[PDB]
Ligand code: HEA
Ligand code: HEA
Ligand code: CUA
Ligand SMILES: [Cu+2]
Ligand SMILES: [Mg+2]
Ligand code: NA
Ligand SMILES: [Zn+2]
């Protein structure tokens, strides 16, 4: 979740978002390097009084000119493909949660055993409790155990939504007639705040996602309490 | 005067340091004294004094290289007009804040943001580097 | 006394070679400055946070103020 | 090509006995675009070529573009003038700093 | 007299003039829409109320700025004015089809405006993804009028593309080859090729969307057998060629401006320019699913597609480094169009590098539909394409009108334009990294401050285009003429004077091989 | 035949500065004021 | 040849050269290419 | 000859700089824009229930 | 590009009238419709 005057990303909770953050730092260092090349060269070579406005050898530098951006793009792309393959392992999950994006609200089914389902609507601005967040607080928070592999199957009833939590590094399309899969783990308990990322009508800003991640025994107590 | 519609076909006196010897003389028609100078020009240059030299160089060409590379001062007035127009933009935004924009939501006053910050630090929101990692959880103050 | 012969032919090329050396050094300097300022401090901050981390105590400190909907 | 045939071809091209205005202007306009302050024998040939077809002010801009093609460093133009002084006082050609054309 | 000259026109210069007028009007329509968007996002709260009218404004801003500002001005106006002048043709090959393409454009604009006026509203984003664009969420005539606007604009640009390719390939002098033409001619050749190779795909896609809406088909209905991923596939198969269309005549314009105002006789590495433009054109057709990295594709498919983004990153790198390399040892004349071209180079480099950051699907998991994408596409479109349009306009306003602009006002306009766009689109990187999604009419409080800063920048850009109008009027308030133009031997369009007459190249050019 | 020369290849007369200034500001102001009146229209609807 | 008093002449004065250079050529004597100096003369009488 | 830019450029530079800084410090400080500053080290936390 | 002296040269006052005309002609309609949005929301 976001704090004022934030420049970089929200910090990581899942392992996946730690490797994504390290790769982002790597590629932004590369972008800073090559932007420094472009800016320093354009600042250099317009600031001379010497002139050379005649015929020049058209092809005598193109081998280095072609292999330097290729090797830097390879150096970018190899950890990109590594972390790209780091999201499709054998999961072997613990829990399976199903989300359906209904017309401007979310619905959650924990139905591995003893079928439980509820709805998530935003707490309105006029009905906020003191201390809570505007546009980011829900009626029923979505309770999961922590440091466990959890399968999360995402779909929608009618239109395209996007179930996204940034701090856990999850963003998956909720497509009607189609069931996408994500895996979610953690390393810290607490509340993680996301919201819809696909255009879905006149209240598209007004569906949040709150992932409350707790220990396993308290998740068991919550599952027994909510049914 | 006004020259006819063939102002593009015939070449023109172009004045730049990339083209040091232009193809057209600047002064096309010449007076009788300038014809006397051109008649004297066929003899040696030793009997040519200072004024004839500078006037014939001004006949053949407009400006020397020192005159055309001079540092005039247009960047100051360009950026001066720039800060004019950005200031007028700012007063337009003063008007728009005063009349167009309505009130702010109620979650921005000091008690609500104080309880908000206490819930931030209470739930340990992003506590590795960003916000809750700048707070003492023993001294109950911010990090110094 | 009188003047010697200086380099007449092509100082644009020698200016380009000394300043392309300067370009590579200063661009590697900008990249290394960003890396040693942001990236490696972030990695060691993550290592210091998670190397000596207890989560049962962290959850107990969160639940002692009534934040979770599941732990009262 | 290398230095000596460049120098020899340009000094022979500016010492054409049937020289006229167009090809002298074209020789200077092609020479100035090179990445090269011109060697003083080429400039000597160009000054005598301007004297051959009875043109004065073209020689003054020839000296001016030797002055301002050197660029920032100022060890070129006094050296070129100090080598070209016998030409400069054998034809009556006047140097641009003494003509008042460098005082802006 | 007026009707036969302008409404019934059959030469390229008049149609290019009407392109310039219509695109200036439509660009200011889009600028008003952008000011409306940044006015909603200025302070927290709802100045307009619901998100439906805001999405209508967002979709209208996208369509008006894409298909009615950069597209007609850039391709049609600059190609029609300059391409028969650069190759030495008296006219276009099919001038009646060019006139028909122009006169189909304001029907498309009127249909788009009527789509906005109908009470349902086409608030879907410029992606017209079903089932949001179906007859359930948008049961009404707004989406249909939007679809027919896209049909009319597509038919206009296919006709223009056909006319451009035949007048470039055929109407050359019989001695010149295709590799002796100017670079803008090459850019509009490759642009017209990808236009007619890409536009029927979206024509078929929105035709099937229309039949899904009103003829009870199930092309994209998941309850009948189809899926919207098929629509996404066809839409982006057009869509990435479309943005390469938006950027390629800008490449030609900046190459011409940088070649002219540096004093060079030719760009450095002409074969490199030609090869890189045909490489970008050939390789923009197989990169489309970088716009669907979160739809749930195969991991091998997205691996292929991010590798495709890297190999499309290399040849435009060759182009930008050769643009740097043709500044070497040139008599750098500090014209306003030079300032537009250097701002093009720097800001387009920044936008392309942010696109390369987005190109990794691993980080496109995080940064999909955030404001980081918005910063990427505005640093390419609203800076590169806009700066190239302004560079071409400042450079060729003596040719089109006959009068020269005041260069001091032009430098001031570039200064406040640069400040406004850079202050508008730099905090959007931080808002995308923090995690504000796209298409939001209200945000949480933590996204407030950058939004506030961003809103201020938009007004500065307003001042820029405001004084831009004055610049044009100042030219016609001065009536200062042109005796002469430097470097008129290399550039053919400057050789008939400013402005050129109605009938040019009745006696055509004399060029021989043997 | 149609007029050839500076300022005559344009679809509007440029011989007066003030009527052309009024023409430019009403043309580009109609452009700038169209979407604002559209937004007023859907606010006035419901 | 021509039908008027001048014609645009494009010179490719060495082979495998990209940029043609264009220049007006009028009546009278033989003008030259503005970088190579090949002589072009205008004889305006054809139809 | 004294051109237009020679002294009027200094006048426009001085006037533009002072007018822009005055009007922007007014519009950032005085008109009541809530900037939503960073609350680190600046707010004290208040105990919510 | 060389420029001729102006056939009908404008002075400073007429350019001030021109920029003020552009500003007022662009800020009256948009500023008027932005000056009251809640009136359109049936205040
Ligand atoms: C001018 C139009 C234009 C141009 C040129 C581009 C160019 C590129 N675009 Fe983009 N793009 C858009 C317009 C454009 N785009 C638009 C309008 C969208 C929004 C669609 C939507 O709504 O979803 C979009 C969306 C978009 C996305 C969607 C992101 C998302 O949905 O989450 C992505 C994904 O990476 C992307 C990638 C790229 C890449 C990789 C390039 C490359 O071609 C950039 C290469 C350019 C450079 C200038 C770099 C070269 C410079 C160098 C110095 C060499 C570099 C060498 C090394 C780093 C080794 N574009
Ligand atoms: C050509 C494309 C183009 C251009 C120029 C712009 C320009 C701008 N855009 Fe736009 N924008 C898009 C294409 C463009 N945009 C697209 C495609 C989207 C995605 C829509 C979606 O979500 O579906 C988008 C989305 C978009 C949003 C997203 C809203 C949201 O999702 O919440 C925002 C808000 O910040 C925004 C802002 C701006 C701003 C402030 C400018 C400013 O730069 C405005 C200033 C621009 C100009 C002034 C134009 C220059 C014209 C001239 C100078 C006149 C030319 C005339 C002559 C030369 C005679 N844009
Ligand atoms: Cu659901 Cu946006
Ligand atoms: Cu793309
Ligand atoms: Mg999506
Ligand atoms: Na708002
Ligand atoms: Zn030749």
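Every number in this text was worked out from the coordinates using simple rules, so none of it is lab data. Here the Cβ positions follow ideal geometry from the backbone for every residue, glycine too, while neighbour counts run over all protein chains shown.
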Subject >> Filter result (buried (at least 24 other Cβ atoms within 10 Å of the Cβ) and outside any helix (DSSP H, G or I)) within region E:406-436 >> reply: E:435, E:436
Original post:
Do we have residue E:446 as free of Cβ contacts under 8 Å to residues at least 12 places away in the same chain, more than 23 Å from the chain's Cα centre (by Cα) and either part of a helix (DSSP H, G or I) or surrounded by 20 or more Cβ atoms within 10 Å (Cβ to Cβ) (or both) here?
Top reply: no
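Go over the candidates E:132, E:145 one by one and state the one that is within 16 Å of ligand 1 (Cβ to nearest atom), without any contact (Cβ under 8 Å) to a residue 60 or more places away in the chain and over 22 Å from the mean Cα position of the chain (by Cα).
Numbers: E:145 fails: within 16 Å of ligand 1 (Cβ to nearest atom).
Of E:132, E:145, the one residue that is within 16 Å of ligand 1 (Cβ to nearest atom), without any contact (Cβ under 8 Å) to a residue 60 or more places away in the chain and over 22 Å from the mean Cα position of the chain (by Cα) is E:132.
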**OP:** Output the qualifying pairs, or none if there are none: Cβ atoms under 6 angstrom, residues six or more apart or on different chains, first residue in region E:47-65 and more than 10 Å from chain A (Cβ to nearest Cβ) and free of Cβ contacts under 8 Å to residues at least 24 places away in the same chain, second residue within 16 Å of ligand 6 (Cβ to nearest atom) and assigned to a helix (DSSP H, G or I).
**Re:** E:47/E:40
**OP:** Go through the residues of region E:316-329 one by one and say whether even a single one is closer than 30 Å to residue A:166 by Cα, facing chain A (nearest Cβ under 7 Å) and either more than 9 Å from ligand 1 (Cβ to nearest atom) or under 20 Å from the mean Cα position of the chain (by Cα) (or both).
**Re:** no
Subject >> Among (1) more than 23 Å from the chain's Cα centre (by Cα); (2) touching a residue at least 12 places away in the same chain (Cβ under 8 Å); (3) closer than 30 Å to residue E:294 by Cα - the single one residue E:425 does not satisfy >> reply: (1)
Original post:
How about region I:8-40: which of its residues are surrounded by 12 or more Cβ atoms within 10 Å (Cβ to Cβ), within 11 Å of chain E (Cβ to nearest Cβ) and not in a helix (DSSP H, G or I)?
Top reply: I:8, I:10, I:37, I:40
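Any idea which residue in region G:3-37 is surrounded by the fewest Cβ atoms within 10 Å (Cβ to Cβ), counting only those that are in contact with a strand residue (DSSP E or B) (Cβ under 7 Å, 6 or more places away or on another chain) and assigned to a loop (DSSP other than H, G, I, E, B)? Can you show your working first?
Narrowing region G:3-37 to residues in contact with a strand residue (DSSP E or B) (Cβ under 7 Å, 6 or more places away or on another chain): G:5-11, G:20-26, G:30-36.
Pick out the ones that are also assigned to a loop (DSSP other than H, G, I, E, B) and you get G:5, G:20, G:30, G:33-36.
On the way: G:5: 15, G:20: 22, G:30: 10, G:33: 19, G:34: 18, G:35: 16, G:36: 12.
Looking at residues that are in contact with a strand residue (DSSP E or B) (Cβ under 7 Å, 6 or more places away or on another chain) and assigned to a loop (DSSP other than H, G, I, E, B), I get G:30.
Each row is one residue, and each column tells you yes or no for (1) away from ligand 5 (no atom under 16 Å from the Cβ); (2) more than 25 Å from residue B:21 (Cα to Cα); (3) more than 8 Å from every other protein chain (Cβ to nearest Cβ).
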| residue | (1), (2), (3) |
| --- | --- |
| G:4 | yes, yes, no |
| G:8 | yes, no, no |
| G:18 | yes, yes, no |
| G:31 | yes, no, yes |
| G:34 | yes, no, no |
| G:38 | yes, no, yes |
| G:45 | yes, yes, yes |
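Tell me, which helices (runs of 4 or more DSSP H) lie completely within region B:1-88 with 1 or more residues that are out of contact with any helix residue (DSSP H, G or I) (no Cβ under 6 Å at 6 or more places or on another chain), more than 28 Å from residue D:67 (Cβ to Cβ) and more than 14 Å from chain D (Cβ to nearest Cβ)?
Once the helices (runs of 4 or more DSSP H) in region B:1-88 are filtered for at least 1 residues that are out of contact with any helix residue (DSSP H, G or I) (no Cβ under 6 Å at 6 or more places or on another chain), more than 28 Å from residue D:67 (Cβ to Cβ) and more than 14 Å from chain D (Cβ to nearest Cβ), what remains is B:32-40.
Let's see how each residue does on (1) within 12 Å of ligand 5 (Cβ to nearest atom); (2) outside any loop (DSSP other than H, G, I, E, B):
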| position | (1), (2) |
| --- | --- |
| A:155 | no, yes |
| A:158 | no, no |
| A:162 | yes, yes |
| A:167 | no, no |
| A:171 | yes, yes |
| A:182 | no, yes |
| A:188 | no, no |
| A:192 | no, yes |
| A:197 | yes, no |
Original post:
Residues of region E:257-273 being within 12 Å of chain G (Cβ to nearest Cβ) and over 26 Å from the mean Cα position of the chain (by Cα), which ones?
Top reply: E:264, E:265
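With respect to residue B:89, is the statement that it is within 30 Å of residue E:407 (Cα to Cα) and buried (at least 18 other Cβ atoms within 10 Å of the Cβ) true?
On the way: within 30 Å of residue E:407 (Cα to Cα): yes; buried (at least 18 other Cβ atoms within 10 Å of the Cβ): yes.
Yes; evaluated as a whole, the condition is true for this residue.
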Original post:
Somewhere in region D:29-41, is a residue away from chain A (no Cβ under 14 Å) and in a helix (DSSP H, G or I)?
Top reply: yes
**OP:** Can you confirm whether region E:280-290 contains a residue that is touching a strand residue (DSSP E or B) at 6+ places or on another chain (Cβ under 6 Å), crowded, with 21+ Cβ neighbours inside 10 Å and not in a helix (DSSP H, G or I)?
**Re:** no
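Any residue at all in region A:109-122 that is within 14 Å of chain H (Cβ to nearest Cβ), away from ligand 5 (no atom under 16 Å from the Cβ), loosely packed, with under 15 Cβ neighbours inside 10 Å and over 20 Å from residue E:228 (Cα atoms)? Walk me through how you get there before you give the answer.
Residues of region A:109-122 within 14 Å of chain H (Cβ to nearest Cβ): none.
Checking region A:109-122: not a single residue is within 14 Å of chain H (Cβ to nearest Cβ), away from ligand 5 (no atom under 16 Å from the Cβ), loosely packed, with under 15 Cβ neighbours inside 10 Å and over 20 Å from residue E:228 (Cα atoms).
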Original post:
Do you know which of the residues in region C:38-59 that are more than 10 Å from chain A (Cβ to nearest Cβ) and in a helix (DSSP H, G or I) is farthest from residue A:222 (Cα to Cα)?
Top reply: C:41
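Per-residue answers, yes or no, for (1) farther than 30 Å from residue A:172 by Cβ; (2) away from ligand 6 (no atom under 16 Å from the Cβ); (3) without any contact (Cβ under 8 Å) to a residue 12 or more places away in the chain:
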{"residue": "E:255", "(1), (2), (3)": "yes, yes, no"}
{"residue": "E:260", "(1), (2), (3)": "yes, yes, no"}
{"residue": "E:279", "(1), (2), (3)": "yes, yes, no"}
{"residue": "E:294", "(1), (2), (3)": "no, yes, no"}
{"residue": "E:301", "(1), (2), (3)": "no, yes, no"}
{"residue": "E:304", "(1), (2), (3)": "no, yes, yes"}
{"residue": "E:314", "(1), (2), (3)": "yes, yes, yes"}
{"residue": "E:330", "(1), (2), (3)": "yes, yes, no"}
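Any residue that is in a helix (DSSP H, G or I) and closer than 30 Å to residue B:126 by Cα - is there at least one of those in region H:21-43?
Step one: filter region H:21-43 for residues in a helix (DSSP H, G or I), giving H:21-29.
Next, only the ones that are closer than 30 Å to residue B:126 by Cα stay: H:28.
Among the residues of region H:21-43, at least one is in a helix (DSSP H, G or I) and closer than 30 Å to residue B:126 by Cα, which makes the answer yes.
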Subject >> Breaking point among (1) in contact with a strand residue (DSSP E or B) (Cβ under 9 Å, 6 or more places away or on another chain); (2) more than 7 Å from chain B (Cβ to nearest Cβ); (3) surrounded by 12 or more Cβ atoms within 10 Å (Cβ to Cβ), for residue H:42 >> reply: (3)
Original post:
Here is a list of conditions, (1) within 16 Å of ligand 5 (Cβ to nearest atom); (2) within 13 Å of chain A (Cβ to nearest Cβ), and residue E:343 meets all of them except one; can you say which number that is?
Top reply: (1)
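Mind listing whichever residues of region E:291-315 are within 16 Å of ligand 2 (Cβ to nearest atom) and more than 8 Å from every other protein chain (Cβ to nearest Cβ)? Talk me through it step by step, then tell me what you get.
Within region E:291-315, the first condition is being within 16 Å of ligand 2 (Cβ to nearest atom), and the residues that meet it are E:291-292, E:294.
E:291, E:292, listed by residue number.
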Subject >> Only one of E:479, E:514 that is away from chain B (no Cβ under 12 Å) and surrounded by fewer than 18 Cβ atoms within 10 Å (Cβ to Cβ) >> reply: E:514
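If you go through region E:361-369 one residue at a time, do you hit one that is within 16 Å of ligand 2 (Cβ to nearest atom) and at negative phi? Give the steps one after another, and end with the answer.
As a first pass, look at region E:361-369 and keep what is within 16 Å of ligand 2 (Cβ to nearest atom): E:367-369.
Going one step further and asking which of them are at negative phi, we end up with E:367-368.
The answer is yes; a qualifying residue exists.
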